[PDB]
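Comments concern the structure below.
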Amino acid sequence: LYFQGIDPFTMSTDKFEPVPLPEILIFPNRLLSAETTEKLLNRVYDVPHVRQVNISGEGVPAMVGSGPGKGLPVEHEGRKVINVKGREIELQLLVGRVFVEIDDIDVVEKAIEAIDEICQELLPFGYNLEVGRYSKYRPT
Amino acid sequence: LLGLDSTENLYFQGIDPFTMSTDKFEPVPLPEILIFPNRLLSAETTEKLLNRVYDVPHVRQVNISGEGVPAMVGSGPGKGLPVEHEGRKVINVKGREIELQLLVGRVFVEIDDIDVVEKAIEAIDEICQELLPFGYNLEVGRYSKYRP
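Protein sequences appear in the order of chains A and B. Residues in the first sequence are numbered consecutively from 15, following my numbering. Residues in the second sequence are numbered consecutively from 1232, following my numbering.
So this is what it looks like as structure tokens:
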């Protein structure tokens, strides 16, 4: 079937305006240490067409299921400082998500292959990569 | 040879190119509505927002991202002083007690079907108008898994 409608992810509608820049999303199978985060961000910023890299800790801590502290959250991690392309970044939490903004939809495929090669080396415990494409709600 | 170029710009109009590489990318059926508050949310506002969002029809799951907060703080010669509850806050969402450890900057609301997103985003917009007076932006996201 040859589509004849309008997709709000790729064209303006009366309710949506496409966000030009996609994300490459990294979902590691284990949280990232400060050191891993530092190496990952430095390497990813060297990939052509990467505009910015953002990170997040988890919203909800890990709960202790056995031993001392059972039933309670793990002890909160300590603050760490990393150096990304000469800028100091303070980490309050182990990193569970990475968001990589790419400067053009057309180069996503190449960018994600490059990022995949980095992750193969740095995230031996496994990970998943996704492309996110967005549209802004702008009614009327 | 203007005039005799190939016509992929017409044939593929409105399609994102990477999506045609089905050897490498698998479409994710379920979209998300994203809430981007203009300020990082307090635990109190996060709690209110999550309670209301979980009542919107067709919401499947809700995730959050944002900025961590220290569990130790100090301005003296010694080590940091520990913050009560390790700096985290307990919130109550639909009867569940949840330890929150982010100032929230992005809410990810998974919707069960692209076809119901319009009505869902209208309900979420009404919530945000009420709960986020400092302003916010809403977006929809569609995902593709890289599976080379």
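Every residue, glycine too, gets a C-beta built ideally from N, C-alpha and C.
Limits of the alpha helix (DSSP H) - the one that residue i falls within
i       : result
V121/A  : Element bounds for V121/A: n/a, residue is neither H nor E.
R65/A   : No alpha helix (DSSP H) holds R65/A; the beta strand (DSSP E) holding it covers 64-70.
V112/A  : That residue, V112/A, is in no alpha helix (DSSP H); its beta strand (DSSP E) goes 111-116.
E104/A  : First-last for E104/A: 101-105, but that is the beta strand (DSSP E), not the alpha helix (DSSP H).
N1240/B : 1239-1242
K1279/B : 1274-1284
Pair within 8 Å by beta-carbon distance, residue i and residue j
i       : j       : result
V1371/B : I1264/B : yes
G71/A   : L1233/B : no
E135/A  : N97/A   : no
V112/A  : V67/A   : yes
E123/A  : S1252/B : yes
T154/A  : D60/A   : no
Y1377/B : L46/A   : no
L35/A   : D120/A  : no
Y1367/B : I1266/B : yes
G1311/B : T24/A   : no
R1373/B : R147/A  : yes
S1375/B : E1275/B : no
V58/A   : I132/A  : yes
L1363/B : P1288/B : no
Residue i: first and last residue of the uninterrupted beta strand (DSSP E) it sits in
i      : result
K150/A : 141-151
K94/A  : 94-98
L35/A  : Counting along the chain, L35/A falls outside any beta strand (DSSP E), and DSSP gives it neither H nor E.
Check each residue of the segment 52-68 of chain A: if its Cβ is closer than 9 Å to any Cβ of chain B, include it; give the result in chain order. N68
What residues in the segment 1292-1311 of chain B bring their beta carbon closer than 9 Å to a beta carbon of chain A? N1294, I1295, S1296, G1297, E1298, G1299, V1300, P1301, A1302, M1303, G1311
Which residues of the segment 1311-1328 of chain B have a Cβ closer than 8 Å to any Cβ of chain A? Give them in chain order. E1317, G1318, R1319
Pairs of beta-carbons, one from the segment 1311-1325 of chain B and one from the segment 1284-1302 of chain B, closer than 8 Å: are there three or more? yes
Between the segment 1242-1258 of chain B and chain A, which residues of the former have a C-beta closer than 8 Å to a C-beta of the latter? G1245, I1246, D1247, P1248, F1249, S1252, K1255, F1256
Residues of the segment 133-146 of chain A whose Cβ lies closer than 8 Å to any Cβ of chain B, in chain order: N142, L143, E144, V145, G146
Give me the subset of the segment 102-132 of chain A whose CB atoms are less than 7 Å from a CB atom of chain B, sorted by chain position. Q106, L107, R111, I119, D120, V122, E123, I126, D130
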